[PDB]
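Source file: data_3.csv; contents: CSV, C-alpha atoms.
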chain,number,residue,atom,x,y,z
A,1,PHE,CA,-9.8,-5.8,-9.8
A,2,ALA,CA,-6.6,-3.8,-10.4
A,3,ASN,CA,-5.9,-2.0,-13.6
A,4,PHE,CA,-3.4,-4.1,-15.7
A,5,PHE,CA,-2.7,-1.7,-18.6
A,6,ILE,CA,1.0,-0.8,-18.3
A,7,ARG,CA,3.1,1.1,-20.7
A,8,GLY,CA,6.6,2.4,-20.4
A,9,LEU,CA,7.3,6.2,-19.9
B,2,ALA,CA,7.7,18.9,-3.3
B,3,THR,CA,8.0,18.2,0.4
B,4,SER,CA,5.5,18.9,3.2
B,5,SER,CA,5.9,18.2,6.9
B,6,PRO,CA,3.3,16.0,8.6
B,7,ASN,CA,0.2,17.2,10.5
B,8,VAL,CA,0.2,14.8,13.4
B,9,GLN,CA,-2.6,14.1,15.8
B,10,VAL,CA,-2.6,11.7,18.8
B,11,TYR,CA,-5.9,10.6,20.3
B,12,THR,CA,-8.0,7.7,21.6
B,13,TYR,CA,-10.9,5.8,20.0
B,14,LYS,CA,-13.4,6.5,22.8
B,15,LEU,CA,-13.4,8.9,25.8
B,16,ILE,CA,-10.6,8.0,28.2
B,17,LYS,CA,-11.6,6.3,31.5
B,18,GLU,CA,-8.9,5.1,33.8
B,19,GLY,CA,-9.0,1.3,33.8
B,20,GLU,CA,-11.1,1.2,30.7
B,21,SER,CA,-9.6,-0.6,27.7
B,22,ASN,CA,-9.2,1.9,24.8
B,23,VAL,CA,-7.2,2.3,21.5
B,24,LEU,CA,-4.3,4.8,21.3
B,25,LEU,CA,-3.9,6.3,17.8
B,26,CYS,CA,-1.3,8.5,16.1
B,27,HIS,CA,-2.4,9.8,12.7
B,28,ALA,CA,-0.1,11.6,10.3
B,29,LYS,CA,-1.4,13.5,7.3
B,30,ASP,CA,-0.5,16.1,4.6
B,31,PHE,CA,3.1,15.0,4.3
B,32,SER,CA,5.6,14.1,1.6
B,33,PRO,CA,7.8,12.2,0.9
B,34,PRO,CA,6.5,9.0,2.7
B,35,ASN,CA,9.9,8.5,4.5
B,36,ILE,CA,8.2,8.7,7.9
B,37,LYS,CA,8.2,6.8,11.2
B,38,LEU,CA,5.6,6.7,13.9
B,39,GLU,CA,6.5,5.4,17.3
B,40,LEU,CA,3.9,5.3,20.1
B,41,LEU,CA,5.3,6.1,23.5
B,42,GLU,CA,4.4,5.3,27.1
B,43,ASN,CA,6.4,7.6,29.4
B,44,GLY,CA,9.0,8.1,26.6
B,45,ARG,CA,9.3,4.4,26.1
B,46,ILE,CA,8.2,2.7,22.9
B,47,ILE,CA,5.0,0.7,23.1
B,48,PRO,CA,5.4,-2.7,21.5
B,49,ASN,CA,3.0,-4.7,19.3
B,50,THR,CA,1.6,-1.7,17.5
B,51,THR,CA,-0.3,-1.8,14.2
B,52,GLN,CA,0.3,0.6,11.3
B,53,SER,CA,-2.1,1.2,8.4
B,54,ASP,CA,-1.0,0.6,4.8
B,55,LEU,CA,0.5,3.7,3.1
B,56,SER,CA,-2.1,5.6,1.2
B,57,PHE,CA,-2.7,9.2,-0.1
B,58,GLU,CA,-5.2,11.9,-1.0
B,59,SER,CA,-6.0,13.6,-4.3
B,60,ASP,CA,-3.4,16.3,-3.6
B,61,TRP,CA,-0.9,13.4,-3.5
B,62,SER,CA,-0.1,14.0,0.2
B,63,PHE,CA,0.3,10.9,2.3
B,64,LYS,CA,-1.5,9.6,5.3
B,65,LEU,CA,-0.5,7.0,8.0
B,66,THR,CA,-2.0,5.7,11.2
B,67,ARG,CA,-0.3,3.7,14.0
B,68,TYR,CA,-2.5,2.4,16.9
B,69,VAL,CA,-2.4,0.0,19.9
B,70,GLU,CA,-5.1,-1.5,22.0
B,71,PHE,CA,-4.2,-0.2,25.5
B,72,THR,CA,-5.4,0.5,29.1
B,73,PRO,CA,-4.8,4.1,30.3
B,74,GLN,CA,-3.6,4.1,33.9
B,75,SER,CA,-4.1,7.0,36.3
B,76,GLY,CA,-0.5,8.3,36.3
B,77,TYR,CA,0.7,7.4,32.8
B,78,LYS,CA,1.6,9.9,30.1
B,79,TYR,CA,1.3,9.1,26.4
B,80,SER,CA,2.8,10.5,23.2
B,81,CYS,CA,3.9,9.8,19.6
B,82,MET,CA,7.4,10.3,18.2
B,83,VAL,CA,7.3,11.2,14.5
B,84,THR,CA,10.4,11.2,12.3
B,85,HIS,CA,9.9,12.7,8.8
B,86,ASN,CA,12.9,13.3,6.6
B,87,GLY,CA,15.7,14.3,9.0
B,88,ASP,CA,13.3,15.9,11.5
B,89,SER,CA,12.0,14.3,14.7
B,90,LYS,CA,9.2,15.8,16.8
B,91,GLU,CA,7.1,14.4,19.6
B,92,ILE,CA,3.4,15.1,20.1
B,93,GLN,CA,1.7,14.6,23.5
B,94,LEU,CA,-1.7,13.0,24.0
B,95,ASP,CA,-4.1,15.9,24.5
B,96,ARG,CA,-6.6,14.9,27.2
B,97,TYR,CA,-10.1,16.3,27.9
C,2,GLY,CA,-26.1,6.1,-3.6
C,3,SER,CA,-22.8,6.7,-5.3
C,4,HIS,CA,-20.1,4.0,-5.1
C,5,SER,CA,-16.4,3.8,-6.1
C,6,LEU,CA,-13.6,1.4,-6.7
C,7,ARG,CA,-10.1,3.0,-6.5
C,8,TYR,CA,-6.5,1.9,-6.3
C,9,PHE,CA,-3.5,3.8,-4.9
C,10,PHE,CA,0.1,2.9,-6.0
C,11,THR,CA,3.2,4.3,-4.2
C,12,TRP,CA,6.7,3.7,-5.4
C,13,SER,CA,9.5,4.9,-3.1
C,14,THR,CA,13.2,5.2,-3.6
C,15,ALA,CA,15.2,2.4,-1.9
C,16,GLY,CA,15.5,3.8,1.6
C,17,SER,CA,14.3,3.7,5.2
C,18,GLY,CA,11.2,2.2,6.7
C,19,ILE,CA,8.8,2.0,3.7
C,20,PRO,CA,8.7,-0.9,1.2
C,21,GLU,CA,9.8,0.2,-2.3
C,22,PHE,CA,6.3,-0.4,-3.6
C,23,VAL,CA,2.9,-0.4,-1.8
C,24,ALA,CA,-0.5,-0.5,-3.4
C,25,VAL,CA,-3.9,-0.4,-1.7
C,26,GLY,CA,-7.5,-1.0,-3.0
C,27,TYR,CA,-10.7,0.6,-1.8
C,28,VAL,CA,-14.3,0.0,-2.3
C,29,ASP,CA,-15.8,3.4,-1.2
C,30,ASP,CA,-14.0,4.3,2.0
C,31,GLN,CA,-13.1,0.7,2.9
C,32,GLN,CA,-9.7,-0.7,2.2
C,33,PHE,CA,-10.1,-4.3,0.9
C,34,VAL,CA,-6.7,-5.3,-0.7
C,35,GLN,CA,-3.0,-4.6,-0.2
C,36,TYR,CA,0.2,-5.4,-2.0
C,37,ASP,CA,3.8,-4.6,-1.2
C,38,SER,CA,7.3,-5.3,-2.6
C,39,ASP,CA,8.4,-7.3,0.4
C,40,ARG,CA,5.6,-9.9,0.5
C,41,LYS,CA,5.0,-9.6,-3.3
C,42,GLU,CA,1.4,-10.9,-3.1
C,43,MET,CA,-2.0,-9.3,-3.2
C,44,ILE,CA,-3.7,-10.0,0.1
C,45,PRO,CA,-7.2,-9.3,1.6
C,46,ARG,CA,-7.7,-6.6,4.1
C,47,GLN,CA,-11.3,-7.6,4.4
C,48,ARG,CA,-13.0,-10.8,5.3
C,49,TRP,CA,-15.8,-10.5,2.7
C,50,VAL,CA,-13.3,-10.4,-0.2
C,51,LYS,CA,-11.3,-13.2,1.4
C,52,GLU,CA,-14.4,-15.4,1.6
C,53,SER,CA,-15.8,-14.6,-1.9
C,54,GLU,CA,-12.7,-14.7,-4.1
C,55,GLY,CA,-11.2,-18.0,-5.1
C,56,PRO,CA,-7.5,-18.9,-5.9
C,57,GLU,CA,-7.7,-17.5,-9.4
C,58,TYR,CA,-8.6,-14.0,-8.2
C,59,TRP,CA,-5.6,-13.8,-5.9
C,60,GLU,CA,-3.3,-15.4,-8.4
C,61,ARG,CA,-4.2,-12.9,-11.1
C,62,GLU,CA,-4.2,-9.8,-8.8
C,63,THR,CA,-0.8,-10.8,-7.5
C,64,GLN,CA,0.6,-11.1,-11.1
C,65,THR,CA,-0.9,-7.7,-12.1
C,66,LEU,CA,0.8,-6.0,-9.2
C,67,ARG,CA,4.1,-7.9,-9.9
C,68,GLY,CA,4.0,-6.1,-13.3
C,69,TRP,CA,3.5,-2.7,-11.7
C,70,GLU,CA,6.3,-3.2,-9.1
C,71,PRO,CA,9.3,-2.9,-11.4
C,72,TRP,CA,7.5,-0.4,-13.6
C,73,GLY,CA,7.4,2.4,-11.0
C,74,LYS,CA,11.0,1.8,-9.9
C,75,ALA,CA,12.1,2.1,-13.5
C,76,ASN,CA,10.1,5.3,-13.6
C,77,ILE,CA,12.0,7.0,-10.7
C,78,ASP,CA,15.3,6.5,-12.6
C,79,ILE,CA,13.7,7.7,-15.9
C,80,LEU,CA,12.3,10.9,-14.4
C,81,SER,CA,15.4,11.7,-12.3
C,82,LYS,CA,17.3,11.8,-15.6
C,83,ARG,CA,14.6,13.9,-17.2
C,84,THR,CA,14.7,16.5,-14.4
C,85,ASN,CA,18.5,16.2,-14.0
C,86,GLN,CA,18.0,15.1,-10.4
C,87,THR,CA,20.7,12.6,-9.5
C,88,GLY,CA,19.9,11.1,-6.1
C,89,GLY,CA,18.0,11.6,-2.9
C,90,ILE,CA,14.6,10.5,-1.9
C,91,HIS,CA,12.0,10.2,-4.6
C,92,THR,CA,8.4,9.0,-5.2
C,93,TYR,CA,6.1,7.8,-8.0
C,94,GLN,CA,2.3,7.7,-7.5
C,95,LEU,CA,-0.6,6.3,-9.5
C,96,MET,CA,-4.3,6.8,-8.8
C,97,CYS,CA,-7.0,5.1,-10.8
C,98,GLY,CA,-10.6,4.1,-10.3
C,99,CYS,CA,-14.2,4.4,-11.3
C,100,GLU,CA,-17.4,5.7,-9.8
C,101,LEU,CA,-20.9,4.1,-10.1
C,102,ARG,CA,-23.9,6.4,-10.0
C,103,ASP,CA,-27.6,5.5,-9.6
C,104,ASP,CA,-28.8,9.0,-8.8
C,105,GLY,CA,-28.6,10.3,-12.4
C,106,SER,CA,-26.2,9.7,-13.9
C,107,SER,CA,-23.0,9.2,-16.0
C,108,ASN,CA,-20.3,6.8,-14.7
C,109,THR,CA,-16.9,8.4,-14.2
C,110,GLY,CA,-13.3,7.1,-14.2
C,111,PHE,CA,-9.8,8.5,-13.7
C,112,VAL,CA,-6.1,7.6,-14.0
C,113,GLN,CA,-3.6,10.1,-12.5
C,114,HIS,CA,0.2,9.8,-12.2
C,115,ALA,CA,2.5,11.8,-10.0
C,116,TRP,CA,6.2,12.3,-9.7
C,117,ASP,CA,7.5,13.5,-6.2
C,118,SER,CA,3.9,14.2,-5.2
C,119,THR,CA,3.2,16.7,-8.1
C,120,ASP,CA,1.0,16.2,-11.2
C,121,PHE,CA,2.9,14.3,-13.8
C,122,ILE,CA,0.4,12.9,-16.3
C,123,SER,CA,-3.3,12.0,-16.5
C,124,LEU,CA,-6.0,10.9,-19.0
C,125,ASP,CA,-8.8,12.9,-20.4
C,126,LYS,CA,-11.3,10.1,-20.9
C,127,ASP,CA,-13.7,12.2,-23.0
C,128,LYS,CA,-11.1,13.5,-25.5
C,129,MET,CA,-9.0,10.3,-25.1
C,130,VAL,CA,-5.8,12.3,-24.8
C,131,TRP,CA,-3.2,12.5,-22.0
C,132,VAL,CA,-2.5,15.8,-20.3
C,133,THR,CA,0.7,16.9,-18.6
C,134,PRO,CA,1.3,20.3,-16.8
C,135,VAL,CA,5.1,19.7,-17.0
C,136,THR,CA,7.8,19.5,-19.6
C,137,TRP,CA,9.2,16.2,-18.4
C,138,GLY,CA,5.8,14.6,-19.2
C,139,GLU,CA,5.6,15.8,-22.8
C,140,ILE,CA,7.8,13.0,-24.2
C,141,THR,CA,5.6,10.4,-22.4
C,142,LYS,CA,2.4,12.2,-23.6
C,143,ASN,CA,3.5,12.0,-27.2
C,144,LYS,CA,4.2,8.3,-26.9
C,145,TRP,CA,1.0,7.5,-25.0
C,146,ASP,CA,-1.3,9.5,-27.3
C,147,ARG,CA,-0.1,7.4,-30.2
C,148,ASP,CA,-0.6,4.1,-28.3
C,149,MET,CA,-4.2,3.1,-29.4
C,150,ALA,CA,-4.3,-0.3,-27.7
C,151,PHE,CA,-3.0,1.2,-24.4
C,152,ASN,CA,-5.5,4.0,-24.5
C,153,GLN,CA,-8.6,2.0,-25.5
C,154,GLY,CA,-7.6,-0.7,-23.0
C,155,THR,CA,-7.3,1.7,-20.1
C,156,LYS,CA,-10.6,3.2,-21.2
C,157,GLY,CA,-12.1,-0.3,-21.3
C,158,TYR,CA,-10.9,-0.9,-17.7
C,159,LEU,CA,-12.2,2.4,-16.3
C,160,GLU,CA,-15.6,2.2,-18.0
C,161,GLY,CA,-16.1,-1.6,-18.2
C,162,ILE,CA,-14.0,-3.8,-16.1
C,163,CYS,CA,-13.8,-1.5,-13.0
C,164,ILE,CA,-17.5,-0.9,-12.9
C,165,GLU,CA,-18.4,-4.6,-13.3
C,166,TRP,CA,-16.2,-5.8,-10.4
C,167,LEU,CA,-17.3,-2.9,-8.3
C,168,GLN,CA,-20.8,-4.2,-8.7
C,169,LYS,CA,-19.7,-7.7,-7.7
C,170,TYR,CA,-17.9,-6.3,-4.6
C,171,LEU,CA,-21.0,-4.4,-3.6
C,172,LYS,CA,-23.0,-7.6,-3.7
C,173,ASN,CA,-20.4,-9.8,-1.9
C,174,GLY,CA,-19.4,-7.1,0.7
C,175,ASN,CA,-23.0,-5.8,1.0
C,176,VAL,CA,-23.5,-5.8,4.7
C,177,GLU,CA,-19.8,-5.0,5.4
C,178,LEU,CA,-20.0,-2.0,3.1
C,179,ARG,CA,-23.1,-0.5,4.7
C,180,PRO,CA,-22.8,2.9,6.4
C,181,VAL,CA,-22.6,2.8,10.2
C,182,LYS,CA,-23.9,5.7,12.3
C,183,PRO,CA,-21.8,7.8,14.6
C,184,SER,CA,-22.2,7.3,18.3
C,185,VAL,CA,-22.2,10.9,19.6
C,186,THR,CA,-21.3,12.6,22.9
C,187,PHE,CA,-21.9,16.2,23.9
C,188,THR,CA,-20.3,17.1,27.2
C,189,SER,CA,-18.5,19.8,29.1
C,190,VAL,CA,-14.7,19.2,29.1
C,191,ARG,CA,-11.3,20.7,30.0
C,192,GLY,CA,-12.7,21.7,33.4
C,193,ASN,CA,-15.9,23.1,32.1
C,194,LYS,CA,-13.9,25.6,29.9
C,195,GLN,CA,-15.1,24.1,26.6
C,196,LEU,CA,-18.1,22.2,25.2
C,197,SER,CA,-17.2,19.3,22.9
C,198,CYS,CA,-19.2,17.4,20.4
C,199,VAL,CA,-17.5,14.1,19.6
C,200,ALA,CA,-18.7,11.6,17.0
C,201,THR,CA,-17.0,8.3,16.7
C,202,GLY,CA,-17.3,4.9,15.1
C,203,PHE,CA,-18.9,6.1,11.9
C,204,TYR,CA,-18.5,5.0,8.3
C,205,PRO,CA,-18.0,6.3,5.6
C,206,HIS,CA,-15.7,9.3,6.6
C,207,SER,CA,-17.9,12.1,5.2
C,208,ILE,CA,-19.8,13.9,7.9
C,209,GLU,CA,-21.5,17.2,8.9
C,210,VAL,CA,-21.3,18.3,12.5
C,211,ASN,CA,-22.4,21.8,13.7
C,212,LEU,CA,-22.9,23.5,17.0
C,213,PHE,CA,-25.9,25.6,18.1
C,214,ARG,CA,-26.5,28.2,20.8
C,215,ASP,CA,-30.2,28.6,21.6
C,216,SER,CA,-31.3,28.0,18.0
C,217,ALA,CA,-28.4,30.0,16.5
C,218,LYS,CA,-25.5,28.6,14.5
C,219,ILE,CA,-22.1,28.8,16.1
C,220,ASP,CA,-19.1,30.1,14.1
C,221,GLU,CA,-15.6,30.4,15.6
C,222,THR,CA,-15.6,26.7,16.4
C,223,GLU,CA,-12.7,24.3,16.8
C,224,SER,CA,-12.5,21.0,14.9
C,225,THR,CA,-10.0,18.2,14.7
C,226,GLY,CA,-11.5,17.3,11.4
C,227,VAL,CA,-12.4,13.7,10.5
C,228,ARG,CA,-9.7,11.2,11.4
C,229,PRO,CA,-9.4,7.4,11.3
C,230,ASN,CA,-10.0,5.0,14.1
C,231,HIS,CA,-8.5,1.5,14.3
C,232,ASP,CA,-11.3,-0.5,12.7
C,233,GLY,CA,-12.1,1.2,9.4
C,234,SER,CA,-14.4,3.7,11.2
C,235,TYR,CA,-13.8,7.5,11.7
C,236,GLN,CA,-14.1,10.1,14.4
C,237,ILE,CA,-14.3,13.9,14.8
C,238,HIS,CA,-14.3,16.4,17.6
C,239,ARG,CA,-16.0,19.8,17.3
C,240,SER,CA,-15.6,22.1,20.3
C,241,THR,CA,-16.5,25.7,21.2
C,242,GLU,CA,-15.8,28.1,24.1
C,243,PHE,CA,-18.1,27.7,27.1
C,244,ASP,CA,-20.0,29.0,30.3
C,245,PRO,CA,-21.4,26.4,32.8
C,246,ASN,CA,-23.7,28.9,34.6
C,247,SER,CA,-25.1,30.5,31.4
C,248,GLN,CA,-28.8,30.3,30.5
C,249,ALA,CA,-28.6,29.5,26.8
C,250,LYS,CA,-29.3,25.9,25.6
C,251,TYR,CA,-26.7,24.1,23.6
C,252,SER,CA,-27.3,21.5,20.9
C,253,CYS,CA,-25.0,19.5,18.6
C,254,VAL,CA,-26.4,18.5,15.1
C,255,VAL,CA,-25.0,15.7,13.1
C,256,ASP,CA,-25.5,14.7,9.4
C,257,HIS,CA,-24.2,11.3,8.3
C,258,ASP,CA,-25.6,9.0,5.6
C,259,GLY,CA,-25.7,6.3,8.2
C,260,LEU,CA,-28.2,8.3,10.2
C,261,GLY,CA,-30.9,8.9,7.5
C,262,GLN,CA,-32.4,11.6,9.7
C,263,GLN,CA,-30.6,14.6,11.2
C,264,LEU,CA,-29.4,13.8,14.7
C,265,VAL,CA,-29.5,16.4,17.5
C,266,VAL,CA,-28.0,16.1,21.1
C,267,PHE,CA,-28.4,18.5,24.0
C,268,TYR,CA,-26.0,19.2,26.8
Re-express the file's structure as structure tokens.
Amino acid sequence: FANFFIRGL
Amino acid sequence: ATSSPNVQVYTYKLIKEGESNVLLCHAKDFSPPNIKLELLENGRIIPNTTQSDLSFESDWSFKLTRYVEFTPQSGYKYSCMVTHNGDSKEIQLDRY
Amino acid sequence: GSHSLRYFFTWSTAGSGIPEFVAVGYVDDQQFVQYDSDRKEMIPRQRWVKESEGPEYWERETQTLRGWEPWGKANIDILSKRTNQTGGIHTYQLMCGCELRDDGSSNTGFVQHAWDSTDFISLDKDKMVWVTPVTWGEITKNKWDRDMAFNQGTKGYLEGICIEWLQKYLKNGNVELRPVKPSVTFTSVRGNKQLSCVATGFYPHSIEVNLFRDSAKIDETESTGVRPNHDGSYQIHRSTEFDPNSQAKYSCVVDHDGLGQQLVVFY
């Protein structure tokens, strides 16, 4: 189950 | 940062002439991942090869493997042509 | 036994040979999933996961990676501007995962980012703060330290979600994930010049292999190091200098957690 927490740099 | 590949070429099991083995070319400790691995039989590209999915170690350096199922014949010479960045080098199969 | 679930993301500049995005998933040392920017779908690299995960699993995993795909590409342009680089060949990398421990112990987790194969930013899970050894990460660190929902979410994944699914994978891939012992050979080679201990077909990769002369430990020994086979297993060659006529007895000793007892082999 891949990590899904994505935030822009 | 860029590092040139450490390349090994080897077989799965101990080579016996007329015994079906696997030919492998493994590249490690390299960056960037702009790299090509070409398995060669007498300087000619072996078709139908398989290459592992691009992965990397804790130090961010990359690792790749290309292999074929093959039969080593008595006379035949084997190698791997590796192109990283603009540099191309060929590594011969070291036999025992 | 310790167990892990880890993911490796690589974004490459539009260029030769390699897909612009490639991600791989591992349970312990075994790759089980793959995604790339050409096929744009998460696919099984193992049969056990193919059998045990229904449509919803693959649909969701594909969507997750579809979100990651543009992200990293955007990153390469962002960081080029930050480092005043203007072109050429560039990379972004992400490592995250968790480790489950029965011996002890406290569960661990990590998320690490890299720009051009150098440390960019990573999370201190205990302090719940992002760390960066470089100036071009500071502006991201300041944004990410503020972002509560991102931080707690990521922490929830590493400590909760990741561990939970790892436990499911260990059940569903049980037999497929078992250690397999090395088959070992110890023979004279290169025209009786050298004596070589070769272990092959073992999983996981971690291994101890040492050579002995008449009950004594041999230093000055040559080793290929562990290297992958074609089928998820690994191999290693350790060889030393030799005499065929000599009196001393030679042994090779192997430690692998697929053995469960130290394995010795004589010439």
message: Report as a ChimeraX atom specification all protein, DNA and RNA residues lying within 8 Å of range 21-29 of chain B, evaluated on all atoms listed in the file, omitting residues in the same chain fewer than 2 positions from it.
response: /B:6-14,16,19,31,38,40,62-73,81 /C:228-231
message: Residues within 10 Å of residue 1 in chain A, please, as a list in words. Count only C-alpha atoms; anything in the same chain fewer than 6 positions from it doesn't count.
response: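 Here the qualifying residues turn out to be residues 6, 7, 8, 26, 34, 58, 59, 61, 62, 65, 98, 158, 162, 163, 164, 165, 166, 167 and 170 of chain C.
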Take the residues just selected and output them with C-alpha atoms as a PDB file, in the frame of the given file.
ATOM      1  CA  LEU C   6     -13.600   1.400  -6.700  1.00  0.00           C
ATOM      2  CA  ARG C   7     -10.100   3.000  -6.500  1.00  0.00           C
ATOM      3  CA  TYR C   8      -6.500   1.900  -6.300  1.00  0.00           C
ATOM      4  CA  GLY C  26      -7.500  -1.000  -3.000  1.00  0.00           C
ATOM      5  CA  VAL C  34      -6.700  -5.300  -0.700  1.00  0.00           C
ATOM      6  CA  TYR C  58      -8.600 -14.000  -8.200  1.00  0.00           C
ATOM      7  CA  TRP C  59      -5.600 -13.800  -5.900  1.00  0.00           C
ATOM      8  CA  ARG C  61      -4.200 -12.900 -11.100  1.00  0.00           C
ATOM      9  CA  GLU C  62      -4.200  -9.800  -8.800  1.00  0.00           C
ATOM     10  CA  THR C  65      -0.900  -7.700 -12.100  1.00  0.00           C
ATOM     11  CA  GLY C  98     -10.600   4.100 -10.300  1.00  0.00           C
ATOM     12  CA  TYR C 158     -10.900  -0.900 -17.700  1.00  0.00           C
ATOM     13  CA  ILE C 162     -14.000  -3.800 -16.100  1.00  0.00           C
ATOM     14  CA  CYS C 163     -13.800  -1.500 -13.000  1.00  0.00           C
ATOM     15  CA  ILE C 164     -17.500  -0.900 -12.900  1.00  0.00           C
ATOM     16  CA  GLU C 165     -18.400  -4.600 -13.300  1.00  0.00           C
ATOM     17  CA  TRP C 166     -16.200  -5.800 -10.400  1.00  0.00           C
ATOM     18  CA  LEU C 167     -17.300  -2.900  -8.300  1.00  0.00           C
ATOM     19  CA  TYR C 170     -17.900  -6.300  -4.600  1.00  0.00           C
TER      20      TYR C 170
END
- request: Excluding range 41-57 of chain C and any residue of its chain fewer than 2 positions from it, enumerate the residues within 12 Å of it, using all atoms listed in the file, and give them as a PyMOL selection string.
  value: (chain A and resi 1-2) or (chain B and resi 53-54) or (chain C and resi 20-28+31-39+59-71+166-167+169-178+232-233)
query: Mind listing as a list in words which residues of chain C are within 7 Å of chain B, counting all atoms listed in the file?
result: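 Contact residues on the first chain: residues 9, 17, 18, 19, 23, 25, 92, 117, 118, 119, 190, 191, 230 and 231 of chain C.
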- prompt: For chain A against chain C, which residues fall within 6 Å using all atoms listed in the file, given as a count of residues only?
  reply: 3
- prompt: Hey, can you check how far CA of residue 111 in chain C sits from CA of residue 10 in chain C?
  reply: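 CA of residue 10 in chain C lies at a distance of 13.7 Å from CA of residue 111 in chain C.
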statement: One decimal place gives the CA of residue 94 in chain C-CA of residue 168 in chain C separation as 26.0 Å
Expected answer as a short mmCIF file (atom, residue, chain, number, x, y, z; two decimals) with C-alpha atoms, in the coordinates of the input: all residues with atoms within 12 Å of (-10.5, 21.3, 15.5), only C-alpha atoms:
data_model
loop_
_atom_site.label_atom_id
_atom_site.label_comp_id
_atom_site.auth_asym_id
_atom_site.auth_seq_id
_atom_site.Cartn_x
_atom_site.Cartn_y
_atom_site.Cartn_z
CA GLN B 9 -2.60 14.10 15.80
CA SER C 197 -17.20 19.30 22.90
CA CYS C 198 -19.20 17.40 20.40
CA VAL C 199 -17.50 14.10 19.60
CA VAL C 210 -21.30 18.30 12.50
CA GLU C 221 -15.60 30.40 15.60
CA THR C 222 -15.60 26.70 16.40
CA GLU C 223 -12.70 24.30 16.80
CA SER C 224 -12.50 21.00 14.90
CA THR C 225 -10.00 18.20 14.70
CA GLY C 226 -11.50 17.30 11.40
CA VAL C 227 -12.40 13.70 10.50
CA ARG C 228 -9.70 11.20 11.40
CA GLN C 236 -14.10 10.10 14.40
CA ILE C 237 -14.30 13.90 14.80
CA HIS C 238 -14.30 16.40 17.60
CA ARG C 239 -16.00 19.80 17.30
CA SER C 240 -15.60 22.10 20.30
CA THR C 241 -16.50 25.70 21.20
#
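Across the model, the gap from CA of residue 202 in chain C to CA of residue 183 in chain C is 5.4 Å.
Residue neighbourhood of residue 216 in chain C, excluding near-sequence residues (fewer than 5 positions): residues 249, 250, 251 and 252 of chain C, at 10 Å, using all atoms listed in the file.
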